[PDB]
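First the structure, then my questions, so here it is.
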Amino acid sequence: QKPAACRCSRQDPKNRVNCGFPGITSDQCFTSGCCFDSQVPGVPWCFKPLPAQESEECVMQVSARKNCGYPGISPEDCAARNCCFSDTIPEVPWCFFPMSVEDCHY
């Protein structure tokens, strides 16, 4: 169902991964659980969204993560400094700064 904007907004157009069959409409794309955008040329207009998070300020591409914790920092201690926490991808910052959800459009 319509992924929230930052899951869409926050991806680099060159890293979009196709979603939907070809000629799928805005609505079918969004309701397929993907992102529609018809303003950037040359890239998929119906693409898969970023993995969600509890807060949308924490949603970005793994590479845009700036470290905010330290090896082993607890999810509780990571929250105390008002940082995001995500232990799903290995070998990247599990505690990183969030980014103000505002750049986030469709």
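Our numbering is plain: 1 for the first residue shown, then up by one each step along the chain.
The header says X-ray crystallography, 2.5 Å.
Using N, Cα and C of the backbone, Cβ positions are placed for all residues, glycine too.
In case it's useful when we look at the structure, here is the feature table from Swiss-Prot:
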- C6-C104: disulfide bond (DISULFID)
- 6-50: domain 'P-type 1' (DOMAIN)
- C8-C35: disulfide bond (DISULFID)
- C19-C34: disulfide bond (DISULFID)
- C29-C46: disulfide bond (DISULFID)
- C58-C84: disulfide bond (DISULFID)
- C68-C83: disulfide bond (DISULFID)
- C78-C95: disulfide bond (DISULFID)
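Help me picture where these features are in the structure shown.
Within 10 Å of the C-beta atom of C6 (disulfide bond) sit 24 other C-beta atoms, taking all shown protein chains into account. In the three-state DSSP reading, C6 (disulfide bond) counts as helix.
Under 8 Å from some Cβ of the domain 'P-type 1' (6-50) lie the Cβ atoms of residues 56-57, 59-61, 64, 101, 103-106, all in the same chain and six or more residues away from its ends.
With a 10 A radius on its CB, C8 (disulfide bond) counts 23 other CB atoms from all the protein chains.
Counting every protein chain shown, the number of other Cβ atoms lying within 10 Å of the Cβ of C19 (disulfide bond) is 18. In three-state terms derived from DSSP, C19 (disulfide bond) belongs to neither a helical nor a strand segment and is classed as coil.
In the shown protein chains, 21 other C-beta atoms lie within 10 A of the C-beta of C29 (disulfide bond). Secondary structure at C29 (disulfide bond), as computed by DSSP, is helix.
Take the CB of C58 (disulfide bond) and look out to 10 A: across all protein chains shown you find 19 other CB atoms.
The secondary structure of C83 (disulfide bond), as reduced to three states from DSSP, is coil rather than helix or strand.
Cβ environment of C78 (disulfide bond): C68, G69, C84, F85, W94, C95 lie under 8 Å away, each six or more residues apart in the same chain.
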Does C83 (disulfide bond) have same-chain partners at least 6 apart in sequence with Cβ under 8 Å from its own Cβ, and which are they?
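When sequence neighbours closer than 6 are ignored, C83 (disulfide bond) has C68, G69, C95, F96, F97, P98 within Cβ distance under 8 Å.
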How would DSSP class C78 (disulfide bond) in three states?
helix
Could you state the whole-number distance in Å separating the C-alpha atoms of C19 (disulfide bond) and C6 (disulfide bond)?
17
